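Chain naming here is simple, since letters A, B, ... match the order of the sequence lines and numbering starts at 1 in each.
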Amino acid sequence: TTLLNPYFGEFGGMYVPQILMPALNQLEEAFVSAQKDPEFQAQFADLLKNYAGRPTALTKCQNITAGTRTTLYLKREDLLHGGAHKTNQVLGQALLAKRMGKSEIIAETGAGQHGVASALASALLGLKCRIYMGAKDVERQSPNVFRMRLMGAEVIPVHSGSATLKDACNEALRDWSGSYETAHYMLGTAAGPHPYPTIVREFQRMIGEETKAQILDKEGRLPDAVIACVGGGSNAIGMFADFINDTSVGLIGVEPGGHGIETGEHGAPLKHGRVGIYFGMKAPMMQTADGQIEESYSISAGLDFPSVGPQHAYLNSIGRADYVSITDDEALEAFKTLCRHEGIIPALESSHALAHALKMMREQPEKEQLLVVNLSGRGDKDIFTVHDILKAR
Amino acid sequence: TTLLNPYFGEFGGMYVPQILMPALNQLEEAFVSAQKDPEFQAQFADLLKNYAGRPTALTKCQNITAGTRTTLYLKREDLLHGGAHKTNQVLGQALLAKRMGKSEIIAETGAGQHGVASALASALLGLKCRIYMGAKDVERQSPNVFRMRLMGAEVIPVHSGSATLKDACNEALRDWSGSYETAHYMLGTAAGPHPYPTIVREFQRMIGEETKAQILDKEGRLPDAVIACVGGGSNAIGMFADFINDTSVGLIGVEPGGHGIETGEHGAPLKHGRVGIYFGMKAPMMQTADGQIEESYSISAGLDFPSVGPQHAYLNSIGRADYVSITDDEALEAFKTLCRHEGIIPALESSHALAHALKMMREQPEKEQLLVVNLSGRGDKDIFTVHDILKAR
Amino acid sequence: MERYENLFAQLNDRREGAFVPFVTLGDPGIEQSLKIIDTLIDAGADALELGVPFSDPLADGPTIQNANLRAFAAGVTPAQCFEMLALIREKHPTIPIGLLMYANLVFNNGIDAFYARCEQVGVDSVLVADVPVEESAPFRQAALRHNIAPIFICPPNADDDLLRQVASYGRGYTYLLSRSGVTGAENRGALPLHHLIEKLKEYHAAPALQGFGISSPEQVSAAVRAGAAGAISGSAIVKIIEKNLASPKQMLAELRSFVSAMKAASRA
Amino acid sequence: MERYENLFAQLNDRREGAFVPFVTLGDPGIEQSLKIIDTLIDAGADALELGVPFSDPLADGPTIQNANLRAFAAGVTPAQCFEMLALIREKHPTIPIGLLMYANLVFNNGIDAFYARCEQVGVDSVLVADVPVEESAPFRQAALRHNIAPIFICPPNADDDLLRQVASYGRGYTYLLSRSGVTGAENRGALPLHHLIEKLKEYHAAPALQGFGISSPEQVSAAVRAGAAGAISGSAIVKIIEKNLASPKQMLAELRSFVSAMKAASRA
Ligand SMILES: O=P(O)(O)OCCNS(=O)(=O)c1ccc(OC(F)(F)F)cc1
Ligand SMILES: O=P(O)(O)OCCNS(=O)(=O)c1ccc(OC(F)(F)F)cc1
Ligand SMILES: *Cc1c(COP(=O)(O)O)cnc(C)c1O
Ligand SMILES: *Cc1c(COP(=O)(O)O)cnc(C)c1O
Ligand code: NA
Ligand code: NA
């Protein structure tokens with residue numbers, strides 16, 4: 001039995017070994033209690049304001065939209081402490097860990113931003129943090145590994161399976177299945193077993209709440225659409241949540257198209273994968289015909305979670321949200337455009353969201369539309385990736 | 001004749017070739033007009049809020065101060081767009097350029113943050129930006145050079161003299177002495193000829209204004225001291241300005257001690273140089289016995305402007321502000337401490353300010369003191385510098 | 001069929017425990033895996049637990065992680081595993097055969113179709129490692145429609161509600177977890193489980209097999225003494241495979257030696 | 001002394017312009033710099049403008065930037081420059097000698113002490129390139145106390161207030177800027193300056209010498225025609241040094257040829 005619905009229609013659930021069910025039930029009960037607790041809400045609000053820097057700006061992009069009937073705002077999660085939206089929910093999960101009397105954090109990470117976010121939250125709140133990372137990712141993310149170690153976190157390379165993010169996800173759950181009484185598993189996206197998709201949404205939903213207030217103040221109306229990249233689903237559900245009941249507002253999620261959907265070298269399971277059961281949930285997955293879990297491919301390693309949050313699969317199934325893809329080359333052009341025309345270096349992840357808004361504008365330049373892109377992170381981390389491609393052109 | 005006093009006691013002035021005096025007089029007149037213009041103030045406030053992310057947080061550091069009678073807050077300029085305080089004043093100077101009808105920007109840069117700040121302001125406000133950088137700095141700051149070029153700025157390597165920051169300063173002034181009618185020189189610190197020390201202070205003073213409001217809200221009183229690193233003087237005068245008339249508030253500026261003052265390998269001209277005339281001002285300088293201008297040395301290249309703003313030399317001379325130094329090793333320990341105990345990666349520049357506050361606390365741990373450190377920037381840029389030193393220990 | 005019911009009745013007649021080895025199908029290749037399994041049976045295995053190689057075995061420690069990787073290095077697929085299962089059953093008509101599955105491999109081509117294939121090749125039970133009792137309805141229903149026993153794990157932590165659920169829902173045997181954590185011989189369980197074993201018998205549960213960290217004869221005898229019907233061992237069996245990769249003949253000799261010793265520990 | 005006043009009176013008697021080369025002291029070494037300067041005088045230079053190598057010559061283009069760097073490569077110091085100045089004056093009693101200084105080198109050991117050293121070695125004028133008339137009081141006062149003419153730059157942009165200031169404050173000659181920007185032969189000035197030359201004479205200014213970008217005989221004749229007392233040339237002189245570094249003898253021959261041609265262009 002649970003307090004909350006573990007499913008979003010057919011998607012989600014709690015597909016973990018029996019040994020882990022008490023850990024998930026304990027977490028759900030702590031979360032439900034925390035959401036009714038004014039003291040918990042005040043502590044979380046204090047950390048978000050005074051440590052992370054919320055509220056984040058909402059920046060208008062007139063240079064990009066000149067000569068069209070598009071108005072484009074960027075929700076500036078790139079200005080959050082740590083340089084990405086991930087910081088919001090790790091602060092909430094660290095407070096939940098403390099509420100449950102836990103002194104230790106376990107986290108998984110792919111390209112390393114969740115590892116860094118988990119390490120900085122743990123450093124602030126006096127928690128002992130260990131991070132699982134695929135050995136292949138450890139090799140190619142030395143800057144993020146060094147950040148995690150500067151912040152006092154243990155980084156544990158994972159050599160099993162493909163030695164990438166899904167293998168680090170597995171290792172985190174294997175550890176938790178022995179250590180749950182003293183360690184909290186700080187899952188990095190709006191996916192995995194219930195209650196994680198729910199928790200991560202509620203600890204990201206200030207993105208959309210602030211965006212709604214800011215757009216009402218500036219424009220006197222709601223956006224026509226809010227647009228966010230989808231790796232596992234956290235920044236997008238954080239932007240979308242407060243608009244779900246505003247039926248006039250489009251919700252557009254952008255998966256990575258990689259080299260192109262037709263090449264198979266992409267990370268768009270929601271629209272181009274197949275429903276399966278893995279990492280504790282029933283959701284669209286990158287998988288072989290035989291049901292072996294595959295990697296997502298994107299120029300942006302941050303979009304390579306090989307499934308998607310079950311609430312996105314649900315919102316798609318009922319037609320409330322629409323999901324599209326953007327290729328490596330489209331994301332790269334958006335990156336360059338924002339740098340040159342607004343002086344903002346966006347994460348290559350976020351560049352996928354911007355690229356789709358640029359397409360919405362350029363395809364129909366006389367369409368009146370008020371758009372918000374969730375600028376989920378800054379792209380200092382990507383300048384050598386972009387340099388290596390440009391230089392080879 | 002000028003509208004404003006070009007001197008702070010004996011320090012400052014307008015030591016430029018005669019050909020450049022009309023450019024300085026034009027700039028002073030535009031600035032004086034702009035400061036009385038509600039429309040200019042509203043445009044600047046709009047850019048600072050909605051583009052740069054002001055106000056910045058004021059973060060309490062209880063983990064660092066536990067077991068002492070020090071209360072320590074960090075003013076989070078590391079959360080400003082671009083990752084350092086430099087963004088505030090480049091936005092104001094870009095607006096002044098536009099007020100004067102100029103379409104082009106010239107900037108100097110050393111370690112590259114001013115080049116990046118100048119390039120991002122120019123990209124946003126539709127200005128054509130060219131940046132002079134010593135060839136030695138170009139060679140060792142490839143990430144910042146690439147950022148400037150992504151933002152559409154021209155980066156011009158300077159091979160004359162020592163091929164470092166002072167030589168880029170010279171080249172910027174040589175260019176301006178021919179191009180002033182269409183180009184604004186966007187000087188990078190609170191130094192150089194009048195009116196730059198005044199302008200840069202007024203376009204940074206929101207640091208101290210916000211800090212005063214934030215500390216009053218949290219603590220109900222003014223700080224005992226505000227502490228800032230001093231390379232050329234901009235982040236420190238921006239923190240200090242609004243407290244100058246609050247005689248109870250200590251103003252502590254921290255110059256880089258490099259390998260130690262006694263080695264001569266430092267960047268502390270205010271306390272360990274000699275007054276000279278260079279870069280348009282009379283101020284303390286790093287210079288040979290014969291009067292040839294020398295480089296500043298610091299582990300943090302951002303603190304290597306080889307003089308200091310004339311208002312700091314003045315505040316020192318009257319005893320209103322106190323200036324100290326912090327060595328490479330002290331700055332490195334502060335960097336590590338903030339990473340591990342607060343989950344904030346500080347710029348090595350700012351680490352000098354933090355190191356002095358840590359000394360104030362540790363030397364006298366039962367002294368009751370409310371301290372604010374200006375955390376002038378984030379230190380993602382420094383993790384390989386720090387890695388290379390730690391790894392070699 | 002009635003293969004578990006007949007086995008436990010025969011073992012009860014002889015006041016004997018069951019000894020049940022785990023191996024990964026196709027580790028280290030199809031041909032050597034078939035020889036390994038025949039050797040386990042000839043040495044006295046009472047039943048088998050057989051894993052299908054899966055990309056993400058999140059209930060398994062390193063020994064069985066590495067077994068899955070060896071089978072993948074040999075190109076082993078679920079289809080090849082079902083071909084192996086049919087041959088094993090054709091050689092050995094009465095031994096109960098249990099699969100250890102992950103949910104995606106059961107759900108992939110339809111849950112009902114998976115259990116129909118199990119029934120066709122003569123499998124007796126399926127344990128889906130990442131499906132807790134809370135999520136188990138479609139799996140247990142499909143299993144029972146195809147004469148397959150759905151196996152559930154009873155943690156040592158198990159509260160009364162969970163014991164009642166596992167007792168009601170499971171068939172064939174109840175998988176009694178030695179401990180929290182994942183499979184592995186390097187970690188021994190230390191739960192008396194006299195009360196868990198007693199509560200399961202009170203609730204008319206399928207007979208209990210104690211598994212996780214079972215690596216020695218004394219642990220087999222201790223499991224039976226505590227009132228369990230038998231014991232399951234995997235990492236210990238799989239470790240003998242990993243140790244003897246370079247000598248397939250010595251691998252079979254050491255497996256025979258180990259299984260003959262573990263089964264002897266179960267006898268009255 | 002009265003060296004500029006005597007020169008301009010003698011040149012006026014002959015209806016002649018002044019031709020004034022600039023070089024950097026100690027470029028490319030002390031000995032060759034002394035030979036260069038004697039060659040400039042023997043070839044007909046009416047006065048000299050001499051730079052002291054400075055780390056940050058922010059009024060100079062690349063040609064004179066590179067002259068400063070060659071002198072530093074030869075270890076040239078301000079003290080060595082003053083030793084050179086004393087020798088030059090000991091050889092040549094009447095030629096006016098002007099220094100081109102940067103403020104830090106004048107201020108470094110005290111402004112008064114700098115101008116006293118100038119007076120001791122027999123310098124006639126000092127132009128401090130980075131001191132505008134607005135900042136000039138302590139420099140001009142110290143200069144005049146030590147019988148040194150303070151030289152000011154008149155930009156082509158110069159408003160009436162600035163012309164009056166330069167006319168009042170300057171002595172020896174007025175340095176009439178050809179153009180905005182920095183020193184260099186690659187950029188030619190294009191200001192008629194008839195009005196600036198006329199306004200300076202109206203305000204009883206020191207005689208005007210036109211300088212910046214003067215590289216050819218026709219520019220010397222044009223300067224005189226416009227009513228200037230003469231012309232200053234540096235980058236053109238320094239470029240002959242840079243071109244002939246490998247042949248010190250040919251360097252002196254080409255300097256002699258160039259100065260003899262430029263001085264001829266000044267004669268009635
Ligand atoms: O001897 P060990 O320690 O390797 O353990 C043997 C394990 N082999 S198994 O197929 O019984 C088996 C049974 C249950 C498992 O996970 C679950 F409990 F979550 F369901 C995993 C493997
Ligand atoms: O022939 P060019 O173009 O090299 O010009 C000759 C310059 N030599 S100089 O000493 O007269 C001279 C005079 C003034 C200078 O700067 C100032 F105007 F700001 F004061 C610099 C050099
Ligand atoms: C982690 C990350 C993403 C992708 O994760 P989601 O959970 O889908 O938001 C996107 N943008 C940035 C900047 C990230 O760091
Ligand atoms: C540029 C810089 C400094 C030094 O310059 P000031 O003008 O003295 O403030 C200090 N901190 C950071 C982070 C900088 O980028
Ligand atoms: Na995904
Ligand atoms: Na300095």
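- With sequence neighbours left out, the side chain to side chain donor-acceptor pair (under 3.5 Å) criterion links B:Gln89 to B:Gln93.
- For D:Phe54, the parts sitting under 4.5 Å from any heavy atom of chain B are the backbone and the side chain alike.
- Within 6.0 Å of CZ on D:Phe139 lie more than 12 heavy atoms contributed by other residues, nucleotides or ligands.
- Residues passing the side-chain contact (heavy atoms from CB on, under 4.5 Å) test with B:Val138, sequence neighbours excluded: B:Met133, B:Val145, B:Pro157.
- For the set D:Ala59, D:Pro57, D:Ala158, the count of heavy-atom pairs under 4.5 angstrom toward chain B peaks at D:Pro57.
- Both the backbone and the side chain of B:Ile293 come within contact range of chain D, judged by heavy atoms closer than 4.5 Å.
- Chain D forms more heavy-atom pairs under 4.5 Å with one residue of B:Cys169, B:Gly178, B:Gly280 than with any other, namely B:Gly178.
- Within the 4.5 angstrom heavy-atom criterion, only side-chain atoms of B:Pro22, from C-beta onward, approach chain D.
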Evaluate the side-chain contact (heavy atoms from CB on, under 4.5 Å) criterion for residues D:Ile153 and B:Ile19: first the C-alpha distance (whole Å), next the side-chain angles of each, then the deciding distance (0.1 Å), finally the verdict. CA-CA 8 Å; D:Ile153 302 282; B:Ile19 196 70; over 6 Å; no

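- Looking at B:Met14, the atoms closer than 4.5 Å to chain D (heavy atoms on both sides) sit in the backbone and in the side chain alike.
- The minimum heavy-atom distance linking B:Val275 with D:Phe107 is given by the pair O-CE2, 3.6 Å.
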Donor-acceptor pairs between chain B and chain D under 3.5 Å, which ones?
residue	atom	partner	partner atom	Å
B:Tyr7	OH	D:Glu135	OE1	2.5
B:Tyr7	OH	D:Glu135	OE2	3.3
B:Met14	N	D:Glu135	OE2	2.8
B:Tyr15	OH	D:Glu135	OE1	3.3
B:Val16	N	D:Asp130	O	3.3
B:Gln18	OE1	D:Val133	N	2.8
B:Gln18	NE2	D:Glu134	OE1	3.1
B:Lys166	NZ	D:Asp56	OD1	3.0
B:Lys166	NZ	D:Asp56	OD2	3.0
B:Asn170	ND2	D:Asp56	OD2	2.7
B:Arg174	NE	D:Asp60	O	2.8
B:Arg174	NH2	D:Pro57	O	3.0
B:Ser177	O	D:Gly181	N	2.9
B:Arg274	NH1	D:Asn108	O	3.2
B:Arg274	NH1	D:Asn108	OD1	2.8
B:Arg274	NH2	D:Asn108	OD1	2.8
B:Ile277	N	D:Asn104	OD1	2.9
B:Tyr278	OH	D:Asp56	OD2	3.3
B:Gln287	OE1	D:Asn104	ND2	2.8
B:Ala289	O	D:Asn108	ND2	2.9
B:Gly291	O	D:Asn104	ND2	2.8
B:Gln292	OE1	D:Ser55	N	2.9
B:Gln292	NE2	D:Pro53	O	3.2
B:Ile293	N	D:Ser55	OG	2.9

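- In this view, B:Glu139 satisfies the side chain to side chain donor-acceptor pair (under 3.5 Å) rule with no residue, not counting sequence neighbours.
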